[PDB]
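Have a look at the structure below before the remarks.
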Amino acid sequence: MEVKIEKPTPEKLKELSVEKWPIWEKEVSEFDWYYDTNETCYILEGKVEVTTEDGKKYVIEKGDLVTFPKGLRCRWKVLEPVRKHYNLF
């Protein structure tokens, strides 16, 4: 697995300028996640607790980007209004 948890700082965000990337708005719902491409997303406002079938867990809240491998299948669940940017290949 290649899932990393990091919160880009104003310095790193400059090059990671998510402002140019689309935006997603979501309420504290619950969604099933199935990967299909080396994608990258950045949190801008929200709380999500990810639990993979393999037995892993990715907690990303406010300004946090994580990587995922093609095929990754895990359940997503927002705790508070979620706003994140995208970066898919």
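By order of appearance in the structure tokens: chains A, B, ..., then residues from 1 within every chain, and ligands from 1 in the order shown.
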Every residue of chain A that DSSP places in helix (DSSP H, G or I), as a PyMOL selection string: chain A and resi 10-15+18-20
Applying 6 Å and only C-alpha atoms, which residues near segment 36-48 of chain A remain after dropping the ones on its own chain fewer than 2 positions away? List them as a short mmCIF file (atom, residue, chain, number, x, y, z; two decimals) with N, CA, C and O atoms, in the first residue's frame.
data_model
loop_
_atom_site.label_atom_id
_atom_site.label_comp_id
_atom_site.auth_asym_id
_atom_site.auth_seq_id
_atom_site.Cartn_x
_atom_site.Cartn_y
_atom_site.Cartn_z
N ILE A 60 -8.10 11.87 7.47
CA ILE A 60 -7.73 13.12 6.82
C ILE A 60 -8.72 14.23 7.13
O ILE A 60 -9.90 14.13 6.79
N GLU A 61 -8.25 15.28 7.79
CA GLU A 61 -9.10 16.40 8.15
C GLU A 61 -8.42 17.74 7.92
O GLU A 61 -7.30 17.96 8.38
N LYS A 62 -9.12 18.64 7.23
CA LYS A 62 -8.63 19.99 6.98
C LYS A 62 -7.19 20.02 6.47
O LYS A 62 -6.25 19.79 7.22
N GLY A 63 -7.04 20.39 5.20
CA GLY A 63 -5.72 20.52 4.61
C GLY A 63 -4.87 19.28 4.77
O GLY A 63 -3.82 19.31 5.42
N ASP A 64 -5.31 18.18 4.17
CA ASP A 64 -4.56 16.93 4.23
C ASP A 64 -4.73 16.14 2.94
O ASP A 64 -5.85 15.83 2.53
N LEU A 65 -3.62 15.82 2.29
CA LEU A 65 -3.65 15.05 1.06
C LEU A 65 -3.11 13.65 1.27
O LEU A 65 -2.14 13.44 2.01
N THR A 67 -2.36 9.62 -0.75
CA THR A 67 -2.20 8.87 -1.99
C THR A 67 -2.88 7.51 -1.89
O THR A 67 -3.00 6.96 -0.80
N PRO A 69 -3.51 3.58 -4.21
CA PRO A 69 -3.16 2.73 -5.34
C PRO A 69 -4.38 2.24 -6.11
O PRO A 69 -5.40 1.89 -5.52
N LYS A 70 -4.25 2.19 -7.44
CA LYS A 70 -5.33 1.71 -8.29
C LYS A 70 -5.87 0.38 -7.76
O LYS A 70 -5.11 -0.56 -7.53
N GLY A 71 -7.18 0.32 -7.54
CA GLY A 71 -7.78 -0.89 -7.01
C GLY A 71 -8.26 -0.70 -5.58
O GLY A 71 -9.21 -1.35 -5.14
N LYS A 77 -16.58 8.00 5.13
CA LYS A 77 -17.64 8.51 5.99
C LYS A 77 -17.27 9.89 6.53
O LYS A 77 -16.33 10.03 7.32
N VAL A 78 -18.01 10.90 6.09
CA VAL A 78 -17.77 12.26 6.51
C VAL A 78 -18.43 12.55 7.86
O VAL A 78 -19.56 12.12 8.10
N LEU A 79 -17.72 13.25 8.74
CA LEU A 79 -18.25 13.60 10.05
C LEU A 79 -18.77 15.03 10.05
O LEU A 79 -19.71 15.37 10.77
N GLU A 80 -18.14 15.86 9.23
CA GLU A 80 -18.54 17.26 9.10
C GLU A 80 -18.44 17.68 7.64
O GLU A 80 -17.68 17.09 6.87
N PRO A 81 -19.23 18.69 7.21
CA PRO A 81 -19.23 19.18 5.83
C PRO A 81 -17.84 19.12 5.20
O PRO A 81 -16.88 19.67 5.73
N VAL A 82 -17.74 18.39 4.09
CA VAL A 82 -16.46 18.14 3.46
C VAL A 82 -16.25 19.00 2.21
O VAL A 82 -17.12 19.08 1.34
N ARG A 83 -15.07 19.60 2.12
CA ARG A 83 -14.68 20.38 0.96
C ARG A 83 -13.25 20.04 0.59
O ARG A 83 -12.32 20.33 1.34
N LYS A 84 -13.06 19.37 -0.55
CA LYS A 84 -11.72 18.93 -0.93
C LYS A 84 -11.42 19.20 -2.40
O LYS A 84 -12.32 19.29 -3.24
N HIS A 85 -10.13 19.29 -2.71
CA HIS A 85 -9.67 19.49 -4.08
C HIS A 85 -9.22 18.17 -4.68
O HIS A 85 -9.04 17.18 -3.96
N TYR A 86 -9.08 18.13 -5.99
CA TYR A 86 -8.74 16.88 -6.67
C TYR A 86 -7.42 16.96 -7.43
O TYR A 86 -6.93 18.04 -7.75
N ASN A 87 -6.88 15.79 -7.73
CA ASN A 87 -5.63 15.66 -8.47
C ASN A 87 -5.47 14.24 -9.00
O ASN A 87 -4.70 13.45 -8.46
N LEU A 88 -6.26 13.90 -10.01
CA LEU A 88 -6.24 12.56 -10.59
C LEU A 88 -5.40 12.52 -11.87
O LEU A 88 -5.33 13.51 -12.60
N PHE A 89 -4.75 11.39 -12.12
CA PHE A 89 -3.92 11.23 -13.30
C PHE A 89 -4.68 10.54 -14.42
O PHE A 89 -5.22 11.25 -15.30
#
Selected residue, from A:19, A:32, A:14, A:55, that lies nearest to residue 74 of chain A when counting only C-alpha atoms: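 Checking each of A:19, A:32, A:14, A:55 against residue 74 of chain A, counting only C-alpha atoms, the winner is A:32.
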Among the residues A:68, A:23, A:58, A:28, the one that comes closest to residue 5 of chain A [using only C-alpha atoms]: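 The shortest atom-to-atom distance to residue 5 of chain A comes from A:58.
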Can you list, as a compact mmCIF listing (two decimals) with N, CA, C and O atoms, in the first residue's frame, every residue of chain A that DSSP puts in strand (DSSP E)?
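Okay, this is what ended up in part26.txt:
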# COMPACT_ATOMS: atom_id res chain seq x y z
N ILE A 23 -13.40 21.48 -7.14
CA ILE A 23 -13.79 21.43 -5.74
C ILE A 23 -15.02 20.55 -5.54
O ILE A 23 -15.89 20.46 -6.42
N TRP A 24 -15.09 19.89 -4.39
CA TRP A 24 -16.21 19.01 -4.08
C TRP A 24 -16.87 19.40 -2.76
O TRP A 24 -16.19 19.56 -1.75
N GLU A 25 -18.19 19.53 -2.77
CA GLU A 25 -18.93 19.86 -1.56
C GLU A 25 -19.79 18.67 -1.14
O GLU A 25 -20.54 18.13 -1.95
N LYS A 26 -19.67 18.27 0.12
CA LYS A 26 -20.42 17.12 0.60
C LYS A 26 -20.80 17.25 2.07
O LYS A 26 -20.02 17.73 2.89
N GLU A 30 -22.30 9.12 3.98
CA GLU A 30 -21.43 7.95 3.99
C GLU A 30 -21.37 7.35 2.58
O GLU A 30 -22.40 7.07 1.98
N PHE A 31 -20.16 7.22 2.05
CA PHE A 31 -20.00 6.72 0.69
C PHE A 31 -19.03 5.55 0.61
O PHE A 31 -18.05 5.48 1.35
N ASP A 32 -19.28 4.66 -0.35
CA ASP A 32 -18.37 3.55 -0.62
C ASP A 32 -17.35 4.00 -1.66
O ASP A 32 -17.71 4.63 -2.65
N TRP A 33 -16.08 3.70 -1.43
CA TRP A 33 -15.03 4.16 -2.33
C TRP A 33 -14.33 3.00 -3.04
O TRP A 33 -13.89 2.04 -2.41
N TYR A 34 -14.22 3.13 -4.35
CA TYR A 34 -13.53 2.15 -5.17
C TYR A 34 -12.58 2.86 -6.13
O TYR A 34 -13.01 3.59 -7.02
N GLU A 39 -4.83 8.47 -8.05
CA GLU A 39 -5.40 9.80 -7.85
C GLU A 39 -4.91 10.43 -6.55
O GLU A 39 -4.40 9.74 -5.66
N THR A 40 -5.06 11.74 -6.45
CA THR A 40 -4.66 12.49 -5.27
C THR A 40 -5.71 13.56 -4.95
O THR A 40 -6.14 14.29 -5.84
N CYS A 41 -6.10 13.66 -3.69
CA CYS A 41 -7.09 14.66 -3.28
C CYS A 41 -6.61 15.44 -2.06
O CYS A 41 -5.81 14.94 -1.27
N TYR A 42 -7.09 16.67 -1.93
CA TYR A 42 -6.68 17.54 -0.83
C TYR A 42 -7.90 18.07 -0.07
O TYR A 42 -8.83 18.61 -0.66
N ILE A 43 -7.87 17.93 1.25
CA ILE A 43 -8.96 18.40 2.10
C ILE A 43 -8.86 19.90 2.34
O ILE A 43 -7.78 20.43 2.60
N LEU A 44 -10.00 20.58 2.28
CA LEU A 44 -10.05 22.02 2.51
C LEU A 44 -10.96 22.37 3.69
O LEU A 44 -10.88 23.47 4.23
N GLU A 45 -11.82 21.44 4.07
CA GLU A 45 -12.75 21.66 5.18
C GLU A 45 -13.67 20.46 5.36
O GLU A 45 -14.65 20.30 4.63
N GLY A 46 -13.36 19.62 6.34
CA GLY A 46 -14.17 18.45 6.60
C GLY A 46 -13.43 17.37 7.37
O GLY A 46 -12.23 17.50 7.62
N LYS A 47 -14.14 16.32 7.74
CA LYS A 47 -13.55 15.21 8.49
C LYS A 47 -14.01 13.87 7.92
O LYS A 47 -15.21 13.59 7.88
N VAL A 48 -13.06 13.05 7.50
CA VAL A 48 -13.37 11.74 6.94
C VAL A 48 -12.50 10.65 7.55
O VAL A 48 -11.27 10.77 7.60
N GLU A 49 -13.14 9.57 7.97
CA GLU A 49 -12.44 8.42 8.53
C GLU A 49 -12.51 7.25 7.55
O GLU A 49 -13.58 6.70 7.30
N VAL A 50 -11.36 6.89 6.99
CA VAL A 50 -11.31 5.82 5.99
C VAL A 50 -10.80 4.52 6.59
O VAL A 50 -9.78 4.49 7.27
N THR A 51 -11.52 3.43 6.30
CA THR A 51 -11.11 2.10 6.74
C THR A 51 -11.08 1.15 5.55
O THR A 51 -12.11 0.86 4.95
N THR A 52 -9.89 0.66 5.22
CA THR A 52 -9.73 -0.24 4.08
C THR A 52 -9.98 -1.69 4.49
O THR A 52 -9.77 -2.07 5.64
N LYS A 57 -6.24 2.27 7.83
CA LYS A 57 -7.10 3.39 8.18
C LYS A 57 -6.43 4.72 7.86
O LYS A 57 -5.29 4.96 8.24
N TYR A 58 -7.15 5.58 7.14
CA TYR A 58 -6.63 6.89 6.77
C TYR A 58 -7.52 8.00 7.30
O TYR A 58 -8.64 8.19 6.83
N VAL A 59 -7.00 8.76 8.25
CA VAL A 59 -7.74 9.89 8.81
C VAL A 59 -7.23 11.20 8.21
O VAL A 59 -6.08 11.57 8.41
N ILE A 60 -8.10 11.87 7.47
CA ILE A 60 -7.73 13.12 6.82
C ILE A 60 -8.72 14.23 7.13
O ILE A 60 -9.90 14.13 6.79
N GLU A 61 -8.25 15.28 7.79
CA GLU A 61 -9.10 16.40 8.15
C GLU A 61 -8.42 17.74 7.92
O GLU A 61 -7.30 17.96 8.38
N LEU A 65 -3.62 15.82 2.29
CA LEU A 65 -3.65 15.05 1.06
C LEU A 65 -3.11 13.65 1.27
O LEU A 65 -2.14 13.44 2.01
N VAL A 66 -3.73 12.68 0.61
CA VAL A 66 -3.33 11.28 0.73
C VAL A 66 -3.24 10.61 -0.64
O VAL A 66 -3.96 10.98 -1.57
N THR A 67 -2.36 9.62 -0.75
CA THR A 67 -2.20 8.87 -1.99
C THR A 67 -2.88 7.51 -1.89
O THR A 67 -3.00 6.96 -0.80
N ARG A 73 -9.99 -0.20 -2.34
CA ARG A 73 -11.41 -0.21 -2.03
C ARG A 73 -11.64 -0.04 -0.53
O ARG A 73 -11.29 -0.91 0.27
N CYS A 74 -12.24 1.08 -0.14
CA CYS A 74 -12.51 1.37 1.26
C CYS A 74 -13.77 2.21 1.42
O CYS A 74 -14.22 2.86 0.48
N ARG A 75 -14.35 2.18 2.62
CA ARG A 75 -15.57 2.93 2.91
C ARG A 75 -15.25 4.31 3.46
O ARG A 75 -14.49 4.45 4.42
N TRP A 76 -15.85 5.33 2.86
CA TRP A 76 -15.65 6.71 3.30
C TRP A 76 -16.85 7.18 4.12
O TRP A 76 -17.99 6.82 3.83
N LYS A 77 -16.58 8.00 5.13
CA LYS A 77 -17.64 8.51 5.99
C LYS A 77 -17.27 9.89 6.53
O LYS A 77 -16.33 10.03 7.32
N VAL A 78 -18.01 10.90 6.09
CA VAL A 78 -17.77 12.26 6.51
C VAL A 78 -18.43 12.55 7.86
O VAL A 78 -19.56 12.12 8.10
N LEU A 79 -17.72 13.25 8.74
CA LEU A 79 -18.25 13.60 10.05
C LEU A 79 -18.77 15.03 10.05
O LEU A 79 -19.71 15.37 10.77
N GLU A 80 -18.14 15.86 9.23
CA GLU A 80 -18.54 17.26 9.10
C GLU A 80 -18.44 17.68 7.64
O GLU A 80 -17.68 17.09 6.87
N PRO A 81 -19.23 18.69 7.21
CA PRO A 81 -19.23 19.18 5.83
C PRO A 81 -17.84 19.12 5.20
O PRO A 81 -16.88 19.67 5.73
N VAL A 82 -17.74 18.39 4.09
CA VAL A 82 -16.46 18.14 3.46
C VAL A 82 -16.25 19.00 2.21
O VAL A 82 -17.12 19.08 1.34
N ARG A 83 -15.07 19.60 2.12
CA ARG A 83 -14.68 20.38 0.96
C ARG A 83 -13.25 20.04 0.59
O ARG A 83 -12.32 20.33 1.34
N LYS A 84 -13.06 19.37 -0.55
CA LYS A 84 -11.72 18.93 -0.93
C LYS A 84 -11.42 19.20 -2.40
O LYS A 84 -12.32 19.29 -3.24
N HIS A 85 -10.13 19.29 -2.71
CA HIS A 85 -9.67 19.49 -4.08
C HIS A 85 -9.22 18.17 -4.68
O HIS A 85 -9.04 17.18 -3.96
N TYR A 86 -9.08 18.13 -5.99
CA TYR A 86 -8.74 16.88 -6.67
C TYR A 86 -7.42 16.96 -7.43
O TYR A 86 -6.93 18.04 -7.75
N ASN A 87 -6.88 15.79 -7.73
CA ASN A 87 -5.63 15.66 -8.47
C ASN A 87 -5.47 14.24 -9.00
O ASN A 87 -4.70 13.45 -8.46
N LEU A 88 -6.26 13.90 -10.01
CA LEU A 88 -6.24 12.56 -10.59
C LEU A 88 -5.40 12.52 -11.87
O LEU A 88 -5.33 13.51 -12.60
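Interatomic distance, atom CA of residue 2 of chain A against atom CA of residue 27 of chain A: 27.4 Å.
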